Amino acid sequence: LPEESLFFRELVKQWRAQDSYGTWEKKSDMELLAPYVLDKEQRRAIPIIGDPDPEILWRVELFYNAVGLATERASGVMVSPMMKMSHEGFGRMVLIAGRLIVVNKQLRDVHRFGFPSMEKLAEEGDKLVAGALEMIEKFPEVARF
């Protein structure tokens, strides 16, 4: 159930935290996160010209923030992102626990960031948390350094 994903709950919480004035308080959690969703073909048609819109960069940042906070909830180890955009839709995102890189991602075509359904959004976030947990388990002294 999407609403029972640790990642999903952390993503809802990330967006509620940005809403300082409670402007979206009447929106359901699913409406709040609906911008992460768009069907395959529409998303693949989006060009890669210049820098992605800042709105897209916020979505990506908060998405990885949510992976980090879900990983901490499942492990007790703090996990924080560091993103560095390169030339255009290219960049790098790492998630760091202590001195351990628990998620490493070379980002491309960032303008097209999105998922075909809310269920798929949750599933992909969950996969990232699973990978991060696997790394912390293999190298716990580095994760807690």
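In case it trips you up, residue 1 is the first one in the sequence shown, and so on.
Ranked against the other modelled residues of its chain, the C-alpha B-factor of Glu25 as given in the entry falls in the highest third. Per the deposited record, the Cα B-factor of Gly114 falls in the middle third when ranked against the other modelled residues of its chain. When the CA B factors of the chain's modelled residues are split into thirds, the value for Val94 lands in the lowest one. Among all modelled residues in this chain, the alpha-carbon of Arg59 has a temperature factor (C-alpha) in the lowest third. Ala70 sits in the lowest third of its chain by CA B factor, as recorded in the PDB entry.
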